[PDB]
Amino acid sequence: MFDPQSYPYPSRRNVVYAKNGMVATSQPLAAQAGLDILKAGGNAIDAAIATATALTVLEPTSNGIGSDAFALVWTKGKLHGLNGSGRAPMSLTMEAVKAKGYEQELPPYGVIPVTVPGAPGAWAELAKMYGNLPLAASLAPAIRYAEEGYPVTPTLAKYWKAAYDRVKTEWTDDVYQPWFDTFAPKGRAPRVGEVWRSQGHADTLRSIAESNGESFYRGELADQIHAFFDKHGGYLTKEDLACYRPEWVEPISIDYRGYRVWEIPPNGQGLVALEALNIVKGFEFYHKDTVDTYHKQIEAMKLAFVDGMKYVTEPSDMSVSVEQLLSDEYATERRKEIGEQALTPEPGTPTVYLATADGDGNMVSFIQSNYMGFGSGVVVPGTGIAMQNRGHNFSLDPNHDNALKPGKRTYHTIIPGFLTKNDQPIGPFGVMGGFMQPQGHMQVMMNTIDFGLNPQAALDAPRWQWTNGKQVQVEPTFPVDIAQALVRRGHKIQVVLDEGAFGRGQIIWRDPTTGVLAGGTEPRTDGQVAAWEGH
Amino acid sequence: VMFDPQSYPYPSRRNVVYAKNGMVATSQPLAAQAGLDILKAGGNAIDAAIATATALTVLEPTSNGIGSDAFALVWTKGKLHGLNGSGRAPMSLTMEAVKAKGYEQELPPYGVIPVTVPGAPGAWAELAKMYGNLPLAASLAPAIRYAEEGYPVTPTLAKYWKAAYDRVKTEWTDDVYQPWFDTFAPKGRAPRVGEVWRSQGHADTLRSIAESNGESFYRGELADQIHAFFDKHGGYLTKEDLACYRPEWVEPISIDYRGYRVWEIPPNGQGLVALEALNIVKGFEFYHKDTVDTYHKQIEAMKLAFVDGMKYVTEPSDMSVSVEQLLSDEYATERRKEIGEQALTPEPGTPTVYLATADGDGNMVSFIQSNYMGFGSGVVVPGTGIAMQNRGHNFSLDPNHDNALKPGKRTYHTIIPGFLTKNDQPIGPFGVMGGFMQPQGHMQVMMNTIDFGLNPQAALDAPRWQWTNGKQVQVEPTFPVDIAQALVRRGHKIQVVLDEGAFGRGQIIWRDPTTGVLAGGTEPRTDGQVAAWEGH
Amino acid sequence: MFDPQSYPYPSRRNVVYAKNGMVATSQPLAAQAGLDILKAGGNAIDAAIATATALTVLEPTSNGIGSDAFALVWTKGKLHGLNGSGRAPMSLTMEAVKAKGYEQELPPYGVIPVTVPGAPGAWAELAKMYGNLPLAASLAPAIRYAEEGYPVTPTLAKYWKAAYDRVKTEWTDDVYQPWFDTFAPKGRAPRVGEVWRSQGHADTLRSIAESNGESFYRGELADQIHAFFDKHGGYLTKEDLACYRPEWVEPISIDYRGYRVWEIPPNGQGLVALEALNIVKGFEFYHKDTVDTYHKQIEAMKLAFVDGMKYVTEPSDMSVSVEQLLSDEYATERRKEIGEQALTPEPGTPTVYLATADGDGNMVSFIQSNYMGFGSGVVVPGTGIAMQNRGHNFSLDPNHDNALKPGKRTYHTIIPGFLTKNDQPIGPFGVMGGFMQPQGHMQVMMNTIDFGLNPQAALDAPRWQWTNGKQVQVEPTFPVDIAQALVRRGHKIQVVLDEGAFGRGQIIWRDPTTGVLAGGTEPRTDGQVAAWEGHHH
């Protein structure tokens, strides 16, 4: 025909402004769900749950009902942290998986890497504690979308086709059949403009709506989940699900140049961003686009990431403390290792993202994932519960702190961020993308606090990410002269052409004086910041 | 001193928005929201257009008013229809009455004098009655809600609102201009960023036309309030001028451009210019967009057609030549012979808010309305928030010109909604806001789409040029510099223009005729949105 | 201090114009040499030799006296081709190297991959046949530079340091010592601004100046070369050098849209450019920067390159003929394999570059190399002859046409190009860079003929290069939308940040009517197009 997927010219996104409410996520109809709930008398928390459950249907390539979730919610002048990360099955031990062939790392797919999905319970607890509407109100649009269906956008279509084509050959087992029945019902991944629906998704969302998430963990859905896993030699039981509860946990922070940057505590990997900011804190910058600036950024991130990967796990099984990693003298210790040449990083010593705000000062940073795309590939039949494969994050080295243990929850990549200044809330941020996440967090924090970029500009800005040792990937739009100067300083810089390899961000900032909401959305994908101005 | 300005150091990306059951694309994201809400409540694309149009009346007052006139191309039931919602000159407004008052070159931009009958309210009503599903009171309720409750002012809207205040605080010291300051500058200044602005006036009158099917505005109580304020300040606008206004269903005109048909509203409206220019340029082949050759032919063909349109286009009755003559293949050939290698001096020959909606049921609308110059005449009928247009300023005061001022005549109109069609299948509405840029923008998106295969967003993203005087062509900062310099060597007085918004605002919705999927593009140079809807 | 190697802003290089003489090369002082020779009554050939020998001293990272060379020279209304490629040692056989451990490919370094350096002989023969000045005049600046020395530019310093740092650890043998003595005399590679000199280089250049190259092959230098190789178990003998002569060979061409694109015939790999152009010839284009255009470019190149790699070697050992590979019906055959998706390429069936031109209608495309950077690492002690590693190109698969044979010369990457229209010369061109070379030839030819770019713009233009199968490297300045559209069509595209990985080019075009010379030089490096406007006679 007469138009492809070609964008020959650069575009502009203006910052979106609101007063009475704002939703910013990666799926425009999901943003619309949050707005619809705001309309029906919901607050920012309600909205978050509306959007989160909507994404469950609208973006199955990054998400599922079988996900776990995390949130930083500001409400009544106080920042709260929700850890909706579920733990490992009680029958899942290191020696049980050792005896099954795998001893390096456990398999990415199948019944083995599945941990208890914590997201549904996180929806319920969020509603019960801080929302205005019952769960059935706030997750109604999600149900509507599942029953009636939606046209598939080109970007969603690509990842859905990629997950089919790779997996049509790799997943030839009984376990994976309901995945093909749910997500590939025509014997192929949905095409652009084709409508996809899931009665399964609708039924189960309705089931958790009417039970306040009880059906999923200690009800009828729990039995269905238990039965399918038992039939296929899985480790996930009723009782594993039954005693899951989302844990209100105390958010951790760093003073970064007057502001306070917030993350969920360990279990989650937000620590890394905090530590990196803390190491980089000691340098001055003044301007963003210098070789100096990207260097110190990159190096500090490197130090903090090998630390986080060594020490961050279930709080009980952590070798050092949060307070030790986040201390000013330990920052100084790591910062002394940053030279002029690109270091090889070593340890030291002692997805869908979503942002909402409303007029009453409520704000939420919400994020949920099946870890690897669709996840484990286990879909409990006829219910559209695509199970996560989060358990893949466990180490099978017994001397590592994140070693696989029954009833333990792993090092988690999903991290919602929040920004605060002088006990005033300024807002939720998050940059989607697995191990990119802390590096994205470091970048948007520095872009905002150091370099004065608006929410959209901060997202627009060209991104880097560290991978291996001296390896750093950069975007096609990364400044080439700086990139080449980094190479001369030892960095193995690769320009990466892949779309979406540098993550997805959303930001909503609130001005503490006037109260006006300013939003930015990820330009690299379909998505929206949307305003609401009713009562 | 906080932590952001209006600075955008880096380039951004807008992906094409896709839908099936409904789409709205306009320059104010809450206006787009209104049309979505109407689609939700069981409205079709026409309903949504009206929803959005009336919403813009409140949400973007710097480009609009209730006292606007309007135009639409609506595709419904396999047929394209044209609505001419342009109102005529007051019956007491004659060439010699204004000649005797001091002005003889052109009539004044501001005051009661250039005000022609606002045709937009009537257009809303007739659109609803004829092709909509919902009563007017349903479809313009969000607009009423926004007027009563108020909205925060975005930086861009704030700039133009402050520009209209600062220039006009000094220029408008008269009794007539007082309600404008009461309505649009109620705190003794133009609203700041993030400040909420509201207008009970706007709400009341929108409700009044909602409940009367527009009758109140033309031959009812509002009509009387309008008549009284004008009579009090020596205006020409009367009850009886308003009373016999009717929007006119008119027959859209087209051109075959490389298989496609490009549609515009017929004269009165200036859409002719784009059509003629496309027709001249038709004779050349292109292959690639970004050459000096391509921009040269574009520019030259546009120049020729524009001086023709300015010479001949007016109220159909007063037109010296016919639409059919100007649009003929042999006349195209005659003008195309005047295109050389050097940049010609163009001579005549011989014989705002834009909005796009589409739904799943195959209804599509190109809708556009304006007060002409920003807020318009500056006449606001007191307590009602009706800012009156200054469209009459387009009339010529040279008696030998076809667009001469005549009582009861409607002028050469800059507002042009476009539509694109292929083999009697609809492909969609498009429009590029911006006064005399409009046909030039129309030419550019049509060539971007048909000749060069750009998607709706990319076509909008593309760097723009616009011809102004003689050899004078303005280009955007992002217009390729090598090509710009090569155009200068060929005689063009090229000027790179740094002004934001000086190159117009576009919206596009294309519909695939086979699959029926909707693909939308929105104007990146301003706040705005393409938004989908997927309910029942 | 207060300035690095940072260039935050884009720059402009205007096309250089001349009438009486022009030299275009990768080292500004080398261009200066060709100008000085033009001054002293020399013609374009003389200037080419001046510049070539100058480069031997001025850019040792890409070159040497132990190089071989190639030339397309236009003089007296006729295009001539010089094959200055030397053959393999007569004692170097497949089974001799098989018995020494290597059987996949022979080693990149040491005495083993050294073939006879053909460049000094090519200099002499070029001078004797078509030059005005004696060799001693034309290579005097080269001598002057070697004796007095020159400040090292940042770019040269990078590759010289890279050659030191990698090789200080890898070259721990007696053979590699004279290299360290010659090219790293201070126990490291020269810094930026540091003067480097070589009395060795001066002595030997003088010795070949005074003998017309005779001393190098069948004279005193020949004896010094033979002795050092015999002392370290090499295969290179006196007698190998003694019966080397440069071979005047007949240039091959293709009609590309009215123009004729010339390359040196087999032995040399220019064939690939020609065949690729011949495949791509059947498509129309109209504009350069479309996904369509790059696709057809890249696909055509791919098919031709696997052909050239299969068949091109010493003419006598070639399995098919040049005429078959360059035929219109075989072009058609390969062009049918070009689809919409990116193909996996399979075979079918039946460095320093330099350009000079003068007022009297003489023009030369000249190129010489040690193959891999400094070459083999063998430097004959105290003489500064860095020996090439060209024999590394030979295959050790007996069924391959380019199999190692004694006295055979290998598939050669160095390719000088010439462009012609209706038996009028338009000029010399080349794009440096190993296996990039034919791809660079295809790009400048299409940039010139198809897309009407000036010599400088043609060189400025962003570049692609194919490597493996579906693997294509592109420049940071390669348009991103097009790149990603190529990926959707199956190409494994990689943006490569490396400076200089996409070659160095020079172009001089002569207008056949007016006679005015228009020059372009490689912006990615140090270098110059320079004019000369004085008098002969």
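Residues numbered from 1 in each chain as written, not as in the entry; some residues may be left out. Chains lettered and ligands numbered in written order. Part of a larger assembly, values for the part shown. Heavy atoms only, no water.

Its PDB header names X-ray crystallography as the technique used to obtain the model and reports a resolution of 2.70 Å.

By the naming in the PDB entry, chain C is Cephalosporin acylase, taken from Bacillus halodurans.

Labelled according to the PDB entry, chain B appears under the name Cephalosporin acylase, originating from Bacillus halodurans.

Let us now look at the overall build of chain B. Across its full length, chain B carries 19 helices and 21 strands. If one aligns the C-alpha atoms of chain B with their principal axes, the spans along those axes are about 60 × 60 × 55 Å. Across the 536 residues that make up chain B, the buried fraction comes to 67%. Total accessible area on chain B is roughly 17800 Å²; 49% of this is exposed by carbon and sulfur atoms. Separation of charge centres in chain B, based on 47 positive and 59 negative side chains, amounts to 2 Å. (Helix = DSSP H or I, 4+ residues; strand = E, 2+ residues; numbered from the N terminus. Buried < 20%, exposed > 50% of the residue type's maximum accessible area, 1.4 Å probe, protein only. Areas by Shrake-Rupley, 256 points an atom, 1.4 Å probe, with all protein chains shown as cover. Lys, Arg positive; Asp, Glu negative; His and termini not counted. Charge placed at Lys NZ, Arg CZ, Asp CG, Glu CD.)

Contacts between chain B and chain A engage 59 residues on the former and 58 residues on the latter. Regarding the contact of chain B and chain A, the summed buried area is about 5300 Å², with carbon and sulfur atoms giving 54% of it. Taken as a group, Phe3, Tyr8 and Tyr10 of chain B account for 16% of the area that chain B buries against chain A, more than any other trio of residues on that side. Between chain B and chain A we count 4 salt bridges in total. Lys40 of chain B is paired through a salt bridge with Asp36 of chain A; the nearest N and O atoms lie 3.0 Å apart. At the surface where chain B touches chain A, the tally comes to 14 residue pairs in polar contact. (Contact = heavy atoms within 4.5 Å. Buried area = accessible area lost by both parts, 1.4 Å probe. Salt bridge = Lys/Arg side-chain N within 4 Å of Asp/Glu carboxyl O. Polar contact = N/O pair within 3.5 Å; in protein donor to acceptor, adjacent residues only side chain to side chain.)

Turning our attention to the pattern of salt bridges. If charged atoms from side chains of opposite charge come close, those side chains can pair. As enumerated under the stated definition, the model contains 74 salt bridges over all chains in all. Linking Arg409 of chain C and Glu247 of chain C is a salt bridge whose minimum nitrogen-to-oxygen distance equals 3.2 Å. Residue class for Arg409 of chain C comes out buried when judged on its relative accessible area of 5%. Across the pair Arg463 of chain C and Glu522 of chain C runs a salt bridge, and its minimum N-O distance is 2.9 Å. Placement of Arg463 of chain C in the loop between α18 (455–460) and β16 (464–466) and of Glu522 of chain C in the loop between β20 (517–521) and β21 (528–531) is noted, with a sequence separation of 59 residues between them. A single burial state applies to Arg463 of chain C and to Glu522 of chain C, both of which are buried. Among the charged side chains, a salt-bridge network with shared partners connects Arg87, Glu247, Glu314 and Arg409 of chain A.

Here we take up the packing of helix α6 (residues 140–148) of chain A against helix α9 (residues 199–209) of chain A. All names here are of chain A. Where α6 contacts α9, the two axes come as close as 7 Å, and the packing angle between them is 155 degrees. As judged from the angle between their axes, α6 and α9 are roughly antiparallel. By crossing handedness, the relation of α6 to α9 is classed as left-handed. Here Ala142, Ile143, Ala146 and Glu147 of α6 come into contact with α9, specifically with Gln199, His201, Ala202, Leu205 and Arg206. (Axes fitted to C-alpha atoms, helices over the stretch in contact; angles between N-to-C directions. Parallel < 35°, antiparallel > 145°, perpendicular 65-115°, else oblique. Left-handed = near helix turned anticlockwise from the far one by under 90°.)

With that out of the way, let us pick up the packing of aromatic side chains. Summed over all chains, the structure comprises 73 aromatic pairs over all chains. Ring plane angle 65 degrees and centroid distance 5.2 Å describe the contact between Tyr110 of chain B and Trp172 of chain B, whose orientation is recorded as edge-to-face. In this pair, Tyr110 of chain B is assigned in the loop between α3 (95–99) and α4 (120–131) and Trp172 of chain B in the loop between α7 (155–171) and α8 (178–184), connecting sequence segments 62 residues apart. Residue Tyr110 of chain B is classed as buried on the basis of its relative accessible area, which comes to 16%. Relative to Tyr286 of chain C, the ring of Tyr287 of chain B lies with its centre 4.8 Å away and its plane at 15 degrees, an arrangement referred to as stacked. Note that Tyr287 of chain B is positioned in the loop between α13 (272–281) and α14 (292–312) and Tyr286 of chain C in the loop between α13 (271–280) and α14 (291–311), a pairing that runs across two chains. The exposure class of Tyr287 of chain B is exposed, given its relative accessible area of 55%. What links up through ring pairs into an aromatic cluster is the set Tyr109, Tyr150, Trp160, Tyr164, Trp171, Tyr176, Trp179, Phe180, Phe183, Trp196 and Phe374 of chain A. The cationic tip of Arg257 of chain A hangs over the ring face of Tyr256 of chain A; the distance from NZ or CZ to the ring centre is 4.5 Å. When the ring centre of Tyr259 of chain C is taken as reference, the NZ or CZ atom of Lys421 of chain C above it lies at 4.6 Å. (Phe/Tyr/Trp six-rings, centres within 6.5 Å; stacked < 30°, edge-to-face > 60°. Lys NZ or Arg CZ within 6 Å of the ring centre and 35° of its normal.)

Before going further, it helps to examine the interface of chain C and chain B. Think of interface size as the accessible area that goes away when the parts come together; that is how it is often given. Contacts between chain C and chain B engage 5 residues on the former and 5 residues on the latter. Here chain C meets chain B over a buried area of about 340 Å², counting both sides, of which 64% is carbon and sulfur. The three residues of chain C that bury the most area against chain B are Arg12, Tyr286 and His287 of chain C, which together make up 79% of that side's buried surface. The interface formed by chain C and chain B includes 0 salt bridges. Counting across the chain C and chain B interface gives 0 residue pairs in polar contact.

It is worth spelling out α13 of chain B at this point. Residue and element names in this part refer to chain B. Across the 10 residues that make up α13, a large majority, 10, are buried. Of the residues making up α13, those classed as buried are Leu272, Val273, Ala274, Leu275, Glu276, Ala277, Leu278, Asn279, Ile280 and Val281. For α13, the secondary structure elements touched by its buried residues are β8 (253–257), β9 (260–264), α14, α15 (323–326), α16 (329–336) and α17 (438–451).

Strand pairs in the sheet, formed through backbone hydrogen bonds, run parallel or antiparallel to each other. Residue and element names in this part refer to chain B. What the 3 strands build is an open sheet, ordered β16-β17-β18; its pairing is mixed. With partners counted over all chains shown, the strands left at the sheet margins are β16 (465–467) and β18 (493–496), one partner each. Strand-to-strand twist across the sheet, computed as the mean angle between neighbouring axes with direction ignored, equals 25 degrees. (Pairing = 2+ DSSP bridges.)

Generally speaking, a soluble globular protein has its nonpolar side chains buried in company with each other. Counting residues in each nonpolar core, the largest one holds 120 residues, and the members touching the most others are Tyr256, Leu419, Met445 and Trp464 of chain A together with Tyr256, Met445 and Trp464 of chain C. By size, the runner-up hydrophobic cluster in this structure holds 118 residues, among which are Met22 of chain A together with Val98, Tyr131 and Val153 of chain B. (Core = buried A, V, L, I, M, F, W, Y, C linked by side-chain atoms within 4.5 Å.)

Our next topic: the environment of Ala184 of chain C. All names here are of chain C. By the element assignment, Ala184 lies in the loop between α8 (177–183) and β6 (195–196). C-alpha separation for the pair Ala184 and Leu343, spaced 159 residues apart in sequence, amounts to 46 Å. The contact partners of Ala184, leaving out residues within four places of it in the chain, are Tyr164 and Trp179.

Positive phi, close to 55 degrees, is recorded for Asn213 of chain B, a residue that is not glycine. Following the sequence through the fold, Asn213 of chain B ends up in the loop between α9 (200–210) and α10 (215–219). Since its relative accessible area comes to 49%, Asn213 of chain B is described here as partly exposed. The phi dihedral of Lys76 of chain C falls on the positive side, at around 55 degrees, and the residue is not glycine. Structurally, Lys76 of chain C is set in the loop between β3 (68–75) and β4 (78–84). Of the residues examined, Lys76 of chain C reaches a relative accessible area of 74% and is grouped as exposed.

Turning to the side chain of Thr293 of chain C, a few remarks are in order. Residue and element names in this part refer to chain C. Summarising the element assignment, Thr293 is placed in helix α14. Note on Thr293: relative accessible area 0%, which makes it buried. A distance of 2.8 Å separates a polar atom in the side chain of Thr293 from the backbone oxygen of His287. With sequence-adjacent residues up to four places away left out, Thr293 is seen in contact with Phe285, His287, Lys288 and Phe451.

Residue and element names in this part refer to chain C. Contact geometry of α14 with helix α17 (residues 437–450) gives a least axis separation of 11 Å together with a crossing angle of 140 degrees. Considered as vectors, α14 and α17 are oriented oblique to each other. The handedness of the crossing between α14 and α17 comes out as right-handed. Between α14, through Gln297, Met301 and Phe305, and α17, the contact on the second element is made entirely by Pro438, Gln439, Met442, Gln443 and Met446.

Here the focus is the sheet that holds strand β2 (residues 22–26) of chain B. All names here are of chain B. The strand order across the open sheet formed by 7 strands is β7-β4-β3-β11-β10-β2-β21, and the pairing between neighbours is antiparallel. A strand with exactly one partner marks an edge of an open sheet, and here the two such strands are β7 (248–250) and β21 (529–532). In this sheet, adjacent strand axes meet at a mean angle of 15 degrees when their direction is disregarded. Of the pairings in the sheet, the one linking β2 to strand β10 (residues 353–359) comprises 5 bridges and is antiparallel in character. Pairing of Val24 across the sheet is with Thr357, part of β10. Sheet contacts for helix α1 (residues 29–40): β2 and β21; angle to β2, the most-contacted strand, approximately 160 degrees. Sheet strands touched by α4: β3 (69–76), β4 (79–85), β7 and β11 (364–370). Its angle to β3, the strand with the most contacts, is close to 15 degrees.

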